[PDB]
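Everything below concerns the one structure shown next.
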Amino acid sequence: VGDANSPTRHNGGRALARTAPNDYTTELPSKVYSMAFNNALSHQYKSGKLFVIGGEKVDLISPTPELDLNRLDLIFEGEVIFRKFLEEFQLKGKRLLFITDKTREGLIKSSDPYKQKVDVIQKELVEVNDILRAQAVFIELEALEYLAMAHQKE
Amino acid sequence: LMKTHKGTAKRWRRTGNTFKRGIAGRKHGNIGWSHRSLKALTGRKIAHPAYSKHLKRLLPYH
Amino acid sequence: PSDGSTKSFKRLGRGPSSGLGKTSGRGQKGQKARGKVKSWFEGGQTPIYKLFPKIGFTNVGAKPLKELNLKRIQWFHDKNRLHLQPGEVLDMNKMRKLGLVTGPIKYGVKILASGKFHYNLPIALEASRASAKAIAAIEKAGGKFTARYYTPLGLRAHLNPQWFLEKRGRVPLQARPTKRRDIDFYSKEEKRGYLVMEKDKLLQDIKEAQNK
RNA sequence: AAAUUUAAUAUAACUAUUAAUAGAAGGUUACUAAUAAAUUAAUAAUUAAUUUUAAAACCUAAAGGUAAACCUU
RNA sequence: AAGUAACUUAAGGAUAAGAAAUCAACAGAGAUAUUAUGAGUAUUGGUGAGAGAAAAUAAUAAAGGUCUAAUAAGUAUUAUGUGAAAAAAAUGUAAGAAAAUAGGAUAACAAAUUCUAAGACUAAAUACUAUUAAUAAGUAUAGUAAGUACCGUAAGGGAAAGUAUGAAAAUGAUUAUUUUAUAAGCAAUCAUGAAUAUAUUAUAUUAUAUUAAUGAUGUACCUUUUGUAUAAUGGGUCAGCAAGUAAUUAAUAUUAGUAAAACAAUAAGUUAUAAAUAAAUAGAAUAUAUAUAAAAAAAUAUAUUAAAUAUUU
RNA sequence: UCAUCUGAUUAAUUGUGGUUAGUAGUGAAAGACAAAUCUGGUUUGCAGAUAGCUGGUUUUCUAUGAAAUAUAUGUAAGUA
RNA sequence: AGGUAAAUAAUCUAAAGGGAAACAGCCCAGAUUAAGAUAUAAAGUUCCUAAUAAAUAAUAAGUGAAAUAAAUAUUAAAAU
RNA sequence: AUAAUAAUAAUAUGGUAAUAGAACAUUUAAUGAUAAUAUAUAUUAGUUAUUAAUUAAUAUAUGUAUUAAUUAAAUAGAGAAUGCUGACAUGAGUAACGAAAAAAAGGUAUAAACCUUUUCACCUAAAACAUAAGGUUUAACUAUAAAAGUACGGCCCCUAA
RNA sequence: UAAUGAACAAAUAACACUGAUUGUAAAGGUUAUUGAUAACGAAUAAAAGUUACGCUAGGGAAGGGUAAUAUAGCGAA
RNA sequence: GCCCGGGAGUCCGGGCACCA
Ligand SMILES: [Mg+2]
Ligand SMILES: [Mg+2]
Ligand SMILES: [Mg+2]
Ligand SMILES: [Mg+2]
Ligand SMILES: [Mg+2]
Ligand SMILES: [Mg+2]
Ligand SMILES: [Mg+2]
Ligand SMILES: [Mg+2]
Ligand SMILES: [Mg+2]
Ligand SMILES: [Mg+2]
Ligand SMILES: [Mg+2]
Ligand SMILES: [Mg+2]
Ligand SMILES: [Mg+2]
Ligand SMILES: [Mg+2]
Ligand SMILES: [Mg+2]
Ligand SMILES: [Mg+2]
Ligand SMILES: [Mg+2]
Ligand SMILES: [Mg+2]
Ligand SMILES: [Mg+2]
Ligand SMILES: [Mg+2]
Ligand SMILES: [Mg+2]
Ligand SMILES: [Mg+2]
Ligand SMILES: [Mg+2]
Ligand SMILES: [Mg+2]
Ligand SMILES: [Mg+2]
Ligand SMILES: [Mg+2]
Ligand SMILES: [Mg+2]
Ligand SMILES: [Mg+2]
Ligand SMILES: [Mg+2]
Ligand SMILES: [Mg+2]
Ligand SMILES: [Mg+2]
Ligand SMILES: [Mg+2]
Ligand SMILES: [Mg+2]
Ligand SMILES: [Mg+2]
Ligand SMILES: [Mg+2]
Ligand SMILES: [Mg+2]
Ligand SMILES: [Mg+2]
Ligand SMILES: [Mg+2]
Ligand SMILES: [Mg+2]
Ligand SMILES: [Mg+2]
Ligand SMILES: [Mg+2]
């Protein structure tokens with residue numbers, strides 16, 4: 001017997017212990033990442049679960065209706081509206097992802113009752129996982145454009 | 001991090017894939033031996049395959 | 001993941017049938033089998049490092065130049081990725097901008113004649129030097145080569161003076177050569193150096209000094 | 001229309017990271033070693049913030065000693 | 001190993017460092033602190049084990065500059081003994097300067113550059129603690145008890161232990177079925193009667209299960225060995241725990257992305273794009289032409305390389 | 001422990017307190033003792049010292065499958 | 001010398017199966033899993049124990065019958 | 001011009017050290033239907049060329065899977081360390097129960113062992129009576145060990161080492 | 001067919017190869033040569049004993065074989 | 001190798017480097 005710290009004995013240490021902050025971070029070429037992002041988006045579009053929202057920037061064929069805007073934004077009434085929307089679109093239980101050009105605080109507030117199934121993400125911080133995870137994605141037109149620019153090709 | 005074995009570096013030098021080195025045996029005790037024979041002991045020489053692995057490990061950045 | 005990307009790693013000491021059972025690829029009972037012995041240990045015979053004489057020295061004054069072949073330039077021209085009517089001289093900076101010479105440039109560029117037989121561009125070229133053959137080729141083409149001197153800092157300035165401008169609203173002027181060898185090189189006619197092709201003041205000054 | 005589940009939260013865990021903020025009583029046994037306000041905001045009681053205020057034995061190198069919780073001034 | 005452990009002393013919320021007698025190279029920069037690159041490069045070592053910068057470019061950072069010295073000798077310097085494996089700045093002992101018309105900085109000298117010692121202050125990035133908030137392919141033997149019980153004269157060491165549930169095993173008693181008092185050996189396997197049990201298709205001359213009639217076959221397992229039934233090692237049985245992991249690099253492979261470029265794209269930088277030489281101002285059209293090295297007037301000769309209506313490696 | 005044996009006014013025995021010990025004391029000297037035993041204690045730390053040595057290294061299935069020779073070795077239990 | 005040192009070949013090492021009573025190294029034969037009809041290897045065929053019948057000689061000692069003990073002596077038998 | 005499965009012919013399939021290839025169990029993370037007629041675990045009997053899973057019956061949970069599957073990872077698999085911890089065996093109901101003198105009657109149709117009486121014994125310059133030190137207060141105990149001091153100690157005064 | 005010795009560190013010459021701010025130098029390198037490690041692939045410039053007071057890790061890195069000798073017996077004399 | 005002590009030479013004894 002040696003000291004009582006040998007992993008051979010019940011009270012002792014662990015052999016080949018893992019220690020404090022374990023670093024699991026890995027690399028990926030930026031281009032590859034961009035491609036992956038693009039691919040994800042494409043997949044979503046193919047599914048038909050990509051929905052784009054916008055107005056101010058492009059000429060509209062049909063005129064934007066009253067009582068509803070193109071900002072991706074909303075007891076507080078907003079929550080009720082959100083609920084109604086959900087009911088309409090048959091996507092109550094399923095997880096959804098709002099990709100937003102800026103911090104639409106109101107929207108987030110409205111959604112937070114359904115926080116478990118709702119991601120609300122700022123443009124720059126959207127992840128491939130988040131898109132893939134989401135059963136239906138709602139994105140601003142401007143945000144979409146930005147994303148495209150980012151993960152271009154050249 | 002890992003580092004070159006400096007002795008090895010001093011002795012050996014990288015030429016394409018392999019390494020070159022000075023022939024051993026010429027420093028002294030040369031007289032009486034034929035100068036045509038000692039011509040062979042001058043000049044560089046290329047690393048034998050046997051020891052290439054070792055060389056590689058020794059000098060990982062060459 | 002893509003087929004062929006990943007393998008299972010070999011799990012040692014995990015039962016006999018796995019293949020790497022008890023001894024776990026080590027064999028029996030050696031120093032190797034438990035303790036560490038340096039991979040390149042030779043058994044005590046004088047090692048490959050210790051046997052041979054140590055040779056040469058590293059010239060720290062040396063400045064290795066990036067080589068650039070006429071052939072590459074020609075290829076670029078053919079492609080149409082070479083825009084030189086705006087800037088009539090193709091200097092090192094210009095080359096780097098183009099892509100022509102890629103990666104970092106520490107000391108300078110030497111032009112080399114690889115595709116001299118197929119080179120035909122009536123262009124003004126500037127670099128740290130060029131092989132005789134290359135020079136000849138250039139002259140045949142009806143082109144004009146001159147070989148300039150750049151110190152590290154000077155070279156850096158040349159490559160992107162924009163940065164310098166951004167920093168301190170100025171570009172540092174070009175240093176004269178000071179090392180005798182360098183001076184000699186630039187004087188030489190055959191090397192096509194910028195001291196005699198431009199008729200520099202420095203040379204004149206030197207001459208004056210010699211006289212008096 | 002109340003219950004059930006799911007996820008989060010305590011005065012009630014530690015460990016690592018990241019971000020913010022700041023740089024603080026133990027014992028012993030007993031003649032047990034306690035509190036009192038005011039002002040301001042919120043709404044007479046109120047909670048909070050800002051304050052002043054009473055008590056608090058003995059021991060824990062240097063009133064001076066000793067064999068810590070004792071003795072001597 | 002290592003100026004690490006340890007001991008000792010002293011201060012503070014932080015401390016240290018800090019506005020060049022610094023770096024550099026004749027072009028320049030402009031305090032410190034420490035992270036990427038530079039770079040495992042220069043430097044160095046019984047030239048072994050091994051050790052290893054700086055400039056420069058980037059980040060992090062804060063307003064980062066600013067006088068508090070009547071501007072500094074037993075000081076600089078020298079000799080000598082010590083002194084961060086590479087780069088000095090320090091220091092014991094004695095000798096001992098100079099006024100910006102002057103000093104320091106490099107084996108040495110000559111030029112030239114640059115800074116001004118012997119006077120000073122300095123936030124921020126940082127270290128450690130404590131609290132709060134968040135995130136956990138973290139912990140219920142890293143989940144609050146206890147520094148208690150107990151052990152030691154002492155320094156010191158140091159347990160168990162949440163609540164439910166529990167047909168887990170080892171282990172004990174008992175009952176049932178079956179075998180067993182003329183039989184001898186890893187206690188199993190295969191053959192093979194008989195007895196018992198269960199079975200909602202046993203229709204039976206049935207099927208499974210249990211069971212040491214009887215026969216044949218059968219030197220435990222591991223370790224270590226030329227070789228083990230060995231009378232060589234190890235294990236009383238069961239349950240739980242007990243061993244190829246991580247960081248920073250290098251080389252090969254496979255697949256993916258991009259591709260004469262790749263990664264990063266603030267600028268750098270890394271690898272590739274040209275081989276060779278100790279090094280130097282040298283360097284590419286079938287080879288018999290050419291490049292580099294030794295040689296030389298130039299070839300030859302040796303080695304390695306490049307080079308074949310087209311679209312570069 | 002029992003028996004037997006030796007000293008038993010002394011270089012005697014013994015109580016109470018104190019001093020000297022870990023490169024290290026004490027020692028009519030045996031390397032004897034320094035808290036059940038020391039050619040130099042114990043505890044904490046350096047610390048996961050080092051070990052060419054011993055032991056151990058946990059599922060299965062497939063394919064291939066050796067060596068114990070030479071050379072060198074402060075080397076012959078190792079390693080190239 | 002079941003010794004020691006090398007040479008050649010095999011086997012064992014790392015090889016189970018049949019034989020050699022038992023057997024690392026001998027004699028045959030290389031087990032992917034079964035099945036069990038036909039060839040068989042080495043070894044065997046009174047029983048134990050899977051399988052046998054013949055021919056010609058010799059032996060009378062239990063010689064011998066899967067591990068041959070020598071010089072020599074005696075007795076016989078052939079040949080010259 | 002592929003894959004999956006099935007044929008036909010052929011060759012190959014012992015294996016230590018070792019190399020190569022392919023799977024399964026366990027646990028965690030990402031995605032994720034479903035349902036008490038469901039699930040999880042266990043026992044028994046089946047099934048599939050079977051370390052695994054599944055079927056049926058049975059028992060216990062549980063308003064119910066980090067469930068199927070694909071990835072990512074691992075404190076990822078144990079008869080082998082004179083391993084470690086816990087539990088339980090074996091020797092075994094064996095050795096021993098530690099210097100030894102007990103008896104009766106009664107407490108008490110409860111006593112070899114507690115108490116009382118009597119008898120007998122043992123120690124007696126002690127196994128007695130006073131004390132010092134020491135210590136889980138062990139005592140004749142909580143209703144508890146009483147001091148102005150003189151063959152009473154401390155503190156106190158005074159010093160030794 | 002033997003007549004020999006690595007690297008490292010020193011030393012002497014030649015080379016014109018680099019010359020750490022430039023120029024010189026110093027220093028290094030290239031070429032040629034020098035002296036030994038005989039335990040002769042050379043651990044360091046430099047190294048002997050004892051332990052029955054010893055300790056740790058390990059390994060075994062009278063029996064069995066043989067019958068030279070011994071005893072005993074035979075054949076020949 | 002260099003310098004001594006007993007013009008050149010021999011024969012002897014001291015040192016001084018070399019000692020990787
Ligand atoms: Mg194996
Ligand atoms: Mg071995
Ligand atoms: Mg082993
Ligand atoms: Mg081995
Ligand atoms: Mg007192
Ligand atoms: Mg300070
Ligand atoms: Mg200061
Ligand atoms: Mg260091
Ligand atoms: Mg100053
Ligand atoms: Mg005790
Ligand atoms: Mg055997
Ligand atoms: Mg045993
Ligand atoms: Mg005493
Ligand atoms: Mg003695
Ligand atoms: Mg004594
Ligand atoms: Mg095979
Ligand atoms: Mg060894
Ligand atoms: Mg033998
Ligand atoms: Mg073996
Ligand atoms: Mg066999
Ligand atoms: Mg074989
Ligand atoms: Mg076979
Ligand atoms: Mg017989
Ligand atoms: Mg016989
Ligand atoms: Mg096989
Ligand atoms: Mg494990
Ligand atoms: Mg187990
Ligand atoms: Mg097993
Ligand atoms: Mg075990
Ligand atoms: Mg018995
Ligand atoms: Mg008995
Ligand atoms: Mg008894
Ligand atoms: Mg008794
Ligand atoms: Mg009675
Ligand atoms: Mg008396
Ligand atoms: Mg008494
Ligand atoms: Mg030697
Ligand atoms: Mg030797
Ligand atoms: Mg020696
Ligand atoms: Mg013997
Ligand atoms: Mg014998």
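Every chain in the structure tokens takes a letter, A first, then B, and so on in the order presented; its residues are numbered from 1, and the ligands are numbered from 1 following the presented order.
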> Taking the backbone alone, and naming residues the way the document does, which bits of stretch 1-50 of chain B are helix (DSSP H, G or I) by DSSP, as JSON, numbers by chain?
Replying inline: {"B": [6, 7, 8, 9, 10, 11, 35, 36, 37, 38, 49, 50]}
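A distance cut-off of 9 Å from ligand 36, applied to only C-alpha atoms (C1' of nucleotides) and all ligand atoms, picks out the residues residues 128, 129, 130 and 131 of chain H.
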> Within 12 Å of ligand 27, counting only C-alpha atoms (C1' of nucleotides) and all ligand atoms: which residues, as a list in words?
Replying inline: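 Written in the requested form, the residues are residues 169, 237, 238, 239, 240, 241 and 242 of chain E; 58 of chain F; 77, 78, 79 and 80 of chain H.
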>> List the spatial neighbours of residue A:130 as a list in words - criterion: any atom at most 10 Å away, only C-alpha atoms (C1' of nucleotides), same-chain residues fewer than 5 positions off excluded.
In response: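 The filter keeps residues 40, 96, 97, 99, 119, 120, 121, 125, 135 and 137 of chain A.
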Write the residues you've just listed into a file as a compact mmCIF listing (two decimals), in the first residue's frame, and include C-alpha atoms for each of them.
```
# COMPACT_ATOMS: atom_id res chain seq x y z
CA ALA A 40 -29.82 24.43 -43.96
CA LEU A 96 -40.48 27.76 -34.22
CA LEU A 97 -37.65 30.14 -34.85
CA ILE A 99 -34.88 35.34 -37.06
CA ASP A 119 -36.58 30.61 -30.37
CA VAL A 120 -36.27 34.34 -31.04
CA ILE A 121 -32.85 35.10 -32.48
CA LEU A 125 -26.40 35.09 -33.72
CA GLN A 135 -40.08 23.03 -37.33
CA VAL A 137 -38.79 29.47 -39.38
```
> Residues of chain C in strand (DSSP E or B) according to DSSP, as a PyMOL selection string?
Replying inline: chain C and resi 43+45+66-69+89-90+109-112+124-127+129-130+144-147+193
>> Taking only C-alpha atoms (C1' of nucleotides) and all ligand atoms and a cut-off of 10 Å, can you tell me which residues surround ligand 14, written as a PyMOL selection string?
In response: (chain F and resi 30-31+39) or (chain I and resi 52-53)
Pull N, CA and C atoms (P, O5', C5', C4', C3', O3' and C1' of nucleotides) from the residues just selected and write them as a PDB file, in the first residue's frame.
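Everything below was put into again-v6.pdb:
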```
ATOM      1  P     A F  30      31.391  -2.449  23.525  1.00  0.00           P
ATOM      2  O5'   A F  30      30.044  -2.906  22.811  1.00  0.00           O
ATOM      3  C5'   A F  30      29.367  -4.116  23.197  1.00  0.00           C
ATOM      4  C4'   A F  30      27.935  -4.096  22.716  1.00  0.00           C
ATOM      5  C3'   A F  30      27.642  -3.233  21.495  1.00  0.00           C
ATOM      6  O3'   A F  30      28.113  -3.860  20.304  1.00  0.00           O
ATOM      7  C1'   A F  30      25.948  -2.924  23.131  1.00  0.00           C
ATOM      8  P     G F  31      28.926  -2.999  19.222  1.00  0.00           P
ATOM      9  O5'   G F  31      27.907  -1.820  18.907  1.00  0.00           O
ATOM     10  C5'   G F  31      26.610  -2.129  18.380  1.00  0.00           C
ATOM     11  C4'   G F  31      25.767  -0.887  18.299  1.00  0.00           C
ATOM     12  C3'   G F  31      24.504  -1.032  17.455  1.00  0.00           C
ATOM     13  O3'   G F  31      23.311  -0.826  18.200  1.00  0.00           O
ATOM     14  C1'   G F  31      25.759   0.933  16.855  1.00  0.00           C
ATOM     15  P     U F  39      20.443   1.100  14.541  1.00  0.00           P
ATOM     16  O5'   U F  39      21.429   1.593  13.394  1.00  0.00           O
ATOM     17  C5'   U F  39      21.895   2.947  13.368  1.00  0.00           C
ATOM     18  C4'   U F  39      22.752   3.186  12.151  1.00  0.00           C
ATOM     19  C3'   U F  39      22.195   2.666  10.826  1.00  0.00           C
ATOM     20  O3'   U F  39      22.313   3.661   9.814  1.00  0.00           O
ATOM     21  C1'   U F  39      24.409   1.917  11.119  1.00  0.00           C
TER      22        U F  39
ATOM     23  P     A I  52      27.544  -8.656   5.730  1.00  0.00           P
ATOM     24  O5'   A I  52      26.609  -8.384   6.993  1.00  0.00           O
ATOM     25  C5'   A I  52      26.065  -9.458   7.788  1.00  0.00           C
ATOM     26  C4'   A I  52      26.725  -9.526   9.149  1.00  0.00           C
ATOM     27  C3'   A I  52      28.098  -8.865   9.286  1.00  0.00           C
ATOM     28  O3'   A I  52      28.278  -8.334  10.594  1.00  0.00           O
ATOM     29  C1'   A I  52      28.303 -11.190   9.658  1.00  0.00           C
ATOM     30  P     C I  53      28.690  -6.801  10.800  1.00  0.00           P
ATOM     31  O5'   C I  53      27.299  -6.099  11.127  1.00  0.00           O
ATOM     32  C5'   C I  53      26.702  -6.263  12.423  1.00  0.00           C
ATOM     33  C4'   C I  53      25.278  -5.760  12.439  1.00  0.00           C
ATOM     34  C3'   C I  53      24.388  -6.174  11.277  1.00  0.00           C
ATOM     35  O3'   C I  53      23.838  -7.479  11.393  1.00  0.00           O
ATOM     36  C1'   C I  53      24.132  -3.864  11.668  1.00  0.00           C
TER      37        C I  53
END
```
> Using only C-alpha atoms (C1' of nucleotides), which chain A residues lie at most 12 Å away from chain E, written as number ranges by chain?
Replying inline: A: 4, 6-24, 27-36, 153-154
Please produce an output containing C-alpha atoms for each residue in the selection, written as an mmCIF file, in the first residue's frame.
```cif
data_model
loop_
_atom_site.group_PDB
_atom_site.id
_atom_site.type_symbol
_atom_site.label_atom_id
_atom_site.label_comp_id
_atom_site.auth_asym_id
_atom_site.auth_seq_id
_atom_site.Cartn_x
_atom_site.Cartn_y
_atom_site.Cartn_z
ATOM 1 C CA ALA A 4 -4.706 6.366 0.495
ATOM 2 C CA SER A 6 -4.734 5.557 -5.166
ATOM 3 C CA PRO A 7 -7.666 4.997 -7.535
ATOM 4 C CA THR A 8 -7.296 1.312 -6.664
ATOM 5 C CA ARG A 9 -9.016 1.976 -3.328
ATOM 6 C CA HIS A 10 -12.594 3.075 -2.836
ATOM 7 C CA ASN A 11 -11.938 6.370 -1.084
ATOM 8 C CA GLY A 12 -9.152 7.448 -3.424
ATOM 9 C CA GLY A 13 -8.849 9.683 -6.456
ATOM 10 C CA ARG A 14 -9.848 8.874 -9.993
ATOM 11 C CA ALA A 15 -7.290 7.629 -12.508
ATOM 12 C CA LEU A 16 -6.645 9.992 -15.421
ATOM 13 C CA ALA A 17 -8.905 12.683 -13.970
ATOM 14 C CA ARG A 18 -10.325 15.370 -16.230
ATOM 15 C CA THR A 19 -9.645 18.500 -14.110
ATOM 16 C CA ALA A 20 -11.156 22.024 -14.308
ATOM 17 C CA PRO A 21 -12.380 23.806 -17.437
ATOM 18 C CA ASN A 22 -12.425 21.160 -20.156
ATOM 19 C CA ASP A 23 -12.025 22.654 -23.609
ATOM 20 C CA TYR A 24 -14.033 20.799 -26.244
ATOM 21 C CA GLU A 27 -12.395 24.415 -35.713
ATOM 22 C CA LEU A 28 -14.202 24.500 -39.032
ATOM 23 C CA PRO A 29 -13.276 26.384 -42.182
ATOM 24 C CA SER A 30 -15.432 29.517 -42.422
ATOM 25 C CA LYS A 31 -16.405 28.734 -46.007
ATOM 26 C CA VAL A 32 -17.608 25.268 -45.023
ATOM 27 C CA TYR A 33 -19.668 26.744 -42.191
ATOM 28 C CA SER A 34 -21.215 29.253 -44.587
ATOM 29 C CA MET A 35 -22.053 26.454 -47.024
ATOM 30 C CA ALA A 36 -23.677 24.461 -44.233
ATOM 31 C CA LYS A 153 -19.649 32.279 -52.108
ATOM 32 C CA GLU A 154 -16.841 34.485 -53.484
#
```
>> For ligand 34, return the neighbouring residues as an NGL selection string (distance at most 8 Å; only C-alpha atoms (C1' of nucleotides) and all ligand atoms).
In response: :H and (106-108 or 111)
>> Could you tell me how far atom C1' of residue E:171 sits from atom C1' of residue H:88, in Å to one decimal place?
In response: 5.2 Å
> What gap, in Å, lies between atom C1' of residue E:106 and atom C1' of residue I:9?
Replying inline: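 Result for atom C1' of residue E:106 versus atom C1' of residue I:9: 28.2 Å, one decimal.
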>> Set the distance at 10 Å and use only C-alpha atoms (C1' of nucleotides): which residues neighbour residue C:145 once local chain neighbours fewer than 5 positions away are removed? I'd like the list as number ranges by chain.
In response: C: 89-90, 111, 123-127, 129-130, 134-136, 138-139, 191-194, 197
> Quick one: which residues from chain B are at most 9 Å off chain E, using only C-alpha atoms (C1' of nucleotides), as JSON, numbers by chain?
Replying inline: {"B": [1, 2, 3, 4, 5, 7, 15, 16, 43, 56, 57, 59, 60, 61]}
> Counting only C-alpha atoms (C1' of nucleotides) and all ligand atoms, what residues are within 10 Å of ligand 3, given as number ranges by chain?
Replying inline: C: 22-23, 26-30, 33-34; E: 223-224; F: 54-57
Would you write out those residues with N, CA and C atoms (P, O5', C5', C4', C3', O3' and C1' of nucleotides), as a PDB file, in the first residue's frame?
```pdb
ATOM      1  N   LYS C  22      -5.147  -7.865 -22.486  1.00  0.00           N
ATOM      2  CA  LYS C  22      -4.407  -7.515 -21.285  1.00  0.00           C
ATOM      3  C   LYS C  22      -3.171  -6.668 -21.555  1.00  0.00           C
ATOM      4  N   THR C  23      -2.269  -7.135 -22.412  1.00  0.00           N
ATOM      5  CA  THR C  23      -1.016  -6.418 -22.652  1.00  0.00           C
ATOM      6  C   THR C  23      -1.247  -5.167 -23.489  1.00  0.00           C
ATOM      7  N   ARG C  26       1.403  -3.844 -26.140  1.00  0.00           N
ATOM      8  CA  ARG C  26       2.741  -3.557 -25.645  1.00  0.00           C
ATOM      9  C   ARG C  26       3.675  -4.756 -25.669  1.00  0.00           C
ATOM     10  N   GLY C  27       3.116  -5.956 -25.762  1.00  0.00           N
ATOM     11  CA  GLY C  27       3.909  -7.169 -25.638  1.00  0.00           C
ATOM     12  C   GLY C  27       4.213  -7.470 -24.183  1.00  0.00           C
ATOM     13  N   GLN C  28       5.364  -8.088 -23.941  1.00  0.00           N
ATOM     14  CA  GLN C  28       5.719  -8.557 -22.607  1.00  0.00           C
ATOM     15  C   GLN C  28       6.889  -7.816 -21.968  1.00  0.00           C
ATOM     16  N   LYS C  29       6.638  -7.292 -20.777  1.00  0.00           N
ATOM     17  CA  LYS C  29       7.656  -7.209 -19.729  1.00  0.00           C
ATOM     18  C   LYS C  29       8.883  -6.313 -19.951  1.00  0.00           C
ATOM     19  N   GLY C  30       8.916  -5.534 -21.027  1.00  0.00           N
ATOM     20  CA  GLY C  30      10.054  -4.658 -21.285  1.00  0.00           C
ATOM     21  C   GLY C  30      10.006  -3.368 -20.490  1.00  0.00           C
ATOM     22  N   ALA C  33       7.109  -1.748 -22.104  1.00  0.00           N
ATOM     23  CA  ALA C  33       5.849  -2.271 -21.616  1.00  0.00           C
ATOM     24  C   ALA C  33       5.258  -1.468 -20.462  1.00  0.00           C
ATOM     25  N   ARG C  34       6.070  -0.685 -19.765  1.00  0.00           N
ATOM     26  CA  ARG C  34       5.541   0.183 -18.717  1.00  0.00           C
ATOM     27  C   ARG C  34       6.193   1.561 -18.753  1.00  0.00           C
TER      28      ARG C  34
ATOM     29  P     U E 223      -3.033 -15.289 -18.618  1.00  0.00           P
ATOM     30  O5'   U E 223      -1.823 -14.825 -17.694  1.00  0.00           O
ATOM     31  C5'   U E 223      -1.933 -13.664 -16.854  1.00  0.00           C
ATOM     32  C4'   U E 223      -0.875 -13.699 -15.780  1.00  0.00           C
ATOM     33  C3'   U E 223       0.556 -13.923 -16.244  1.00  0.00           C
ATOM     34  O3'   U E 223       1.126 -12.686 -16.654  1.00  0.00           O
ATOM     35  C1'   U E 223       0.083 -15.349 -14.418  1.00  0.00           C
ATOM     36  P     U E 224       2.103 -12.619 -17.917  1.00  0.00           P
ATOM     37  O5'   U E 224       3.354 -13.482 -17.452  1.00  0.00           O
ATOM     38  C5'   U E 224       4.165 -13.084 -16.336  1.00  0.00           C
ATOM     39  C4'   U E 224       5.204 -14.140 -16.061  1.00  0.00           C
ATOM     40  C3'   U E 224       5.968 -14.615 -17.284  1.00  0.00           C
ATOM     41  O3'   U E 224       7.065 -13.763 -17.586  1.00  0.00           O
ATOM     42  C1'   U E 224       5.221 -16.485 -16.037  1.00  0.00           C
TER      43        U E 224
ATOM     44  P     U F  54      10.373  -8.539 -14.328  1.00  0.00           P
ATOM     45  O5'   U F  54       9.211  -8.598 -13.243  1.00  0.00           O
ATOM     46  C5'   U F  54       9.421  -9.368 -12.054  1.00  0.00           C
ATOM     47  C4'   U F  54       8.249  -9.273 -11.112  1.00  0.00           C
ATOM     48  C3'   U F  54       6.859  -9.294 -11.712  1.00  0.00           C
ATOM     49  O3'   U F  54       6.502 -10.604 -12.127  1.00  0.00           O
ATOM     50  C1'   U F  54       6.947  -7.710  -9.968  1.00  0.00           C
ATOM     51  P     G F  55       5.376 -10.820 -13.240  1.00  0.00           P
ATOM     52  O5'   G F  55       4.061 -10.239 -12.553  1.00  0.00           O
ATOM     53  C5'   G F  55       3.433 -10.943 -11.465  1.00  0.00           C
ATOM     54  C4'   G F  55       2.397 -10.079 -10.784  1.00  0.00           C
ATOM     55  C3'   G F  55       1.196  -9.703 -11.630  1.00  0.00           C
ATOM     56  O3'   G F  55       0.255 -10.756 -11.701  1.00  0.00           O
ATOM     57  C1'   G F  55       1.978  -7.788 -10.526  1.00  0.00           C
ATOM     58  P     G F  56      -0.496 -11.021 -13.066  1.00  0.00           P
ATOM     59  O5'   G F  56      -1.428  -9.743 -13.204  1.00  0.00           O
ATOM     60  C5'   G F  56      -2.556  -9.618 -12.341  1.00  0.00           C
ATOM     61  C4'   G F  56      -3.097  -8.218 -12.390  1.00  0.00           C
ATOM     62  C3'   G F  56      -3.799  -7.813 -13.668  1.00  0.00           C
ATOM     63  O3'   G F  56      -5.075  -8.404 -13.820  1.00  0.00           O
ATOM     64  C1'   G F  56      -2.460  -6.039 -12.922  1.00  0.00           C
ATOM     65  P     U F  57      -5.620  -8.674 -15.279  1.00  0.00           P
ATOM     66  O5'   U F  57      -5.677  -7.218 -15.923  1.00  0.00           O
ATOM     67  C5'   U F  57      -6.845  -6.387 -15.784  1.00  0.00           C
ATOM     68  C4'   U F  57      -6.723  -5.157 -16.648  1.00  0.00           C
ATOM     69  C3'   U F  57      -6.693  -5.387 -18.148  1.00  0.00           C
ATOM     70  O3'   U F  57      -7.978  -5.640 -18.705  1.00  0.00           O
ATOM     71  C1'   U F  57      -5.015  -3.835 -17.565  1.00  0.00           C
TER      72        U F  57
END
```
